[PDB]
There are 2 protein chains.
Amino acid sequence: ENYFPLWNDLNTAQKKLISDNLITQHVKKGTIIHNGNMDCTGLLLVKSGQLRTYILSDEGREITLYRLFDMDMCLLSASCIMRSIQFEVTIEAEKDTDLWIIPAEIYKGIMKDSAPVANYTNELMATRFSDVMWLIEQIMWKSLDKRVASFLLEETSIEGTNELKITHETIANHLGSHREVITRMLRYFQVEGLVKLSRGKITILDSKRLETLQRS
Amino acid sequence: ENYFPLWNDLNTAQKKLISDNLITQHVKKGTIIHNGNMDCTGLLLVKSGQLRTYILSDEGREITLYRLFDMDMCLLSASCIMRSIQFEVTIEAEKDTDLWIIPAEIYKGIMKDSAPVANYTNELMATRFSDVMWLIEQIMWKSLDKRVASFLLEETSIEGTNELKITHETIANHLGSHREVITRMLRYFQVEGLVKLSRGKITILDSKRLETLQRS
């Protein structure tokens, strides 16, 4: 109600239909909430937490498309309400997350009759389209050292700490790389004094220098 | 009118506003019709021809996002009508093209009041979002030899001939590669009997074998 900006634009009938069909859900970290064509739960409003939209190759390789934080809305968890979305994505909780779910059939129904809700969904798609376009630009134009540097700066901002407790597999899965290549890269960073590597931990030593890689 | 599927869904007032403001335009090949934030002409309905949506790095490197053919609609040529589209694209004519342009201000106005036109624009975005998602999947999971093989099979289908009259630069610009890497790859293909290379021409010799690379 406070976290849904379309609320002031909705009428009484629309406000009531969504309100009376809101599903509250606490999702623990590591839970897959949407898994391509298998699920079509609905739009997710993140009250508090962190979600990760990604794609999987048939060989189990992964790359993160984008992340959703507190107050974001997930549209692709209700992908089946749009025939023209002909790609599948996996959405999972990176931290314990409190969500509200607006059922797909309900949201689809309101969207059919409301230009405001229809246009709002366009703006939501355009944002995610733009997120994915920044990703193509990053993948094509920036080398792996710069992308690892960029990721380490993002995670430290999200966690509010220069001490990351993640595996080399998770970094590889974020960037569309292999663990061995990430490990090689982190060891090059350690030799260059950018990070410190220890048991289940990457400590960012020079945040100023990592930012100059990202920018290079 | 025949090429615009939303026409039957429009009312008299909407049909008249679009009809009386249609701009007919013959565009010669090599003409840039949209160049990021510089232009915001409108939605383009391709009566007959071929358009190419691509992105440019600050160093002049290119990769094709998707192609539009006869009967397709271009949405991103009117990107400024959606605040949430925060990426720029270049659109140009690959062959001489006959277009109709629906001015952006006019289309935006109809979209504000019509759920049908609003939802139709979503489906148009979703299609292009899906095109770009196939591209991420191709870039990440398929090696350059497979992507070159895939492109050669596409161009031969479009041109209706196993004889392509294109430069190594154009192929590099389609795939996000460098000319020298494409030339190296085409020479490997020639050594393997897949193609024949001669003055300003690539002749596909084994279309069956190129398809088995694409699929690998």
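Comparing A:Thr170, A:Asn11, A:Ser198 along the charge dipole axis of chain A, the residue lying farthest to the positive side is A:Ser198, per the Cβ-charge model.
Only the Cβ atoms of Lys and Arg (+1) and of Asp and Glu (-1) were treated as charged; on that basis the dipole of the protein assembly as shown about its Cα centre amounts to roughly 920 debye.
Distances from B:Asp131 to itself in the other copies, using label points 7 Å out along the Cα-Cβ axis, amount to 2.2 nm in increasing order. Rounded to the nearest 20, the Cβ-based charge dipole of the range A:1-139 about its Cα centre (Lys and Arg +1, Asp and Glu -1) stands at 220 debye. Taking a Cβ cut-off of under 13 Å around B:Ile32, the surrounding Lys, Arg, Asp and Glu residues balance to a net charge of -2, with basic ones at +1 and acidic ones at -1. How would you classify the protein assembly as shown from its alpha-carbon gyration tensor, with a ≥ b ≥ c the square roots of the eigenvalues: rounded for a/c under 1.5, else prolate if a/b is greater than b/c, otherwise oblate? Oblate. What is the range B:10-112 by shape, rounded, prolate or oblate, if you read a ≥ b ≥ c off the alpha carbon gyration tensor as root eigenvalues and call it rounded for a/c under 1.5, prolate for a/b larger than b/c, and oblate otherwise? The shape class here is oblate. Bridging of B:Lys108 to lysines at a Cα separation below 20 Å is possible for A:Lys112, B:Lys15, B:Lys16, once same-chain residues fewer than 8 apart are set aside. Each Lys or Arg adds one and each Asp or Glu subtracts one; over the other residues with Cβ under 14 Å from the Cβ of B:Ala115, this totals -2. For the range A:139-216, the C-alpha radius of gyration divided by 2.2 N^0.38 Å, with N the number of residues, is 0.98. Judged by the mean number of other Cβ atoms found within 10 Å, the most tightly packed of the peptides A:158-168, A:142-152 leads the ranking A:142-152, A:158-168. Neighbouring Cβ atoms from other chains, within 10 Å of the Cβ of residues in A:121-132, number 6 on average.
With a ≥ b ≥ c taken as the square roots of the eigenvalues of the C-alpha gyration tensor of the range A:101-180, please select rounded if a/c is under 1.5 and otherwise prolate if a/b is larger than b/c or oblate if it is not? Since a/c reaches 1.5 and a/b is larger than b/c, the shape of the range A:101-180 is classed as prolate. A DSSP coil position with no more than 14 other Cβ atoms inside 10 Å describes the following GluC sites (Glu not before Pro) in the range B:41-117: B:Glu59. Across the identical copies, the label point of A:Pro5 (7 Å from Cα in the Cβ direction) is separated from its matches by 3.1 nm, in order from shortest. Using alpha carbon centroids, what distance separates the range A:170-216 and the range B:23-85, in Å? So the separation of the two Cα centres works out to 39 Å. Mean per-residue shielding of peptide A:73-86 is 3, counting Cβ atoms of other chains within 10 Å of each Cβ.
Nearest chain A C-beta to the A/B rotation axis, reported as residue and distance in angstrom, is A:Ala118, 2. Remark: spin-label model distance B:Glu169-B:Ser84 equals 3.9 nm, labels positioned 7 Å along the Cα→Cβ axis.
Estimated purely from DSSP H runs of n ≥ 4, each contributing -39500 (n - 2.57), the mean residue ellipticity at 222 nm for chain A is -13500 deg cm²/dmol once divided by its residues. For the Cα trace of chain A, dividing Rg by the Kirkwood Rh returns an Rg/Rh value of 1.02. With its label point put 7 Å out from Cα toward Cβ, A:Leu22 sits 4.7 nm from the same residue's point in the other copies, in order from shortest.
Readers should treat all values here as calculations from the given coordinates under stated rules, not as data from a laboratory. Note that we place each Cβ from the backbone using ideal geometry, even for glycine, and neighbour counts take in every protein chain shown.
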